[PDB]
Every structure is written in C-alpha cells, then in structure tokens.
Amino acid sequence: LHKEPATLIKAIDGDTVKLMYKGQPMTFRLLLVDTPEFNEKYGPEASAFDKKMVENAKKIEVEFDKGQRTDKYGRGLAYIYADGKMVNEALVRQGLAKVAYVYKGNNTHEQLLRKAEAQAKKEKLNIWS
C-alpha cells in the first residue's frame, strides 16, 4: 500500500475528516475504527483528538487499502497519516476509538490496530476506563 498526498480542509468528528485529494474535496471515513458520535461519551474528546492531530500536521497523507475506496455514502475509505503517524492507530491507542468495521479486502492494518486497542485496554484508557 502507498501513501498519497492530501491537504486538510476541515476536521469533522472523531473518525471523519474533509480532505482535498487529487485536487477534489472529499469526506474521508477512517478505516477499521469507530469513534463515539459527538453526542456520546468520549465523542468530543475523540473529535478533539482527531482535530488536533490533523490540524497540527505539516503533512497529511491518504493510504487506500486493497478494496473499496469509497463507501455507500460517497466517503473515501482510507488510513490517514499526520506527519507519518496514523490517525486511525493513535485514536485506538488512546482508547478514543474501537477497532470496528473490519471488512475482508480492506483490512491490511487490522492486527496493528488490534495491538493498539490491547494496549489502551491494558491501560484502562478512556473508553476502556
């Protein structure tokens, strides 16, 4: 899999972000994770955490998996990196997201993320507290 450029347009919530990709605005939904909706517990913390990480980043990159690149809502599905660091991973590592929505064909970083959830759970962080 390959990292590709993108630039931030707007942080939306814990697991969606508006990016410019190939010069077009699109909403991205983070692969393999589920954050709490803003209305729910840790939702604002998730949103704040995604927001901070993407807005502070000099460099954003989009990494598509091997499967579907767009969902049924027209959202791009990807791994999103902020200065070389995966946002999908960081959210899980901090207990702000669960590993989730694991579909066959779009699951390359499954085990990497499941290692991060185990650590966050060990540590009883946020959702796991």
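In this text, residue numbers run from 1 along the sequence as written.
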Check the entry's C-alpha temperature factors for 50-58 and 91-99, then say which stretch has the higher mean.
50-58
Once average C-alpha B-factors are taken from the entry for 35-43 and 22-30, the winner is 35-43
Please say which third, lowest, middle or highest, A11 falls into when its CA temperature factor is compared across its chain.
highest
In terms of the chain's CA B-factor thirds, is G76 lowest, middle or highest?
lowest
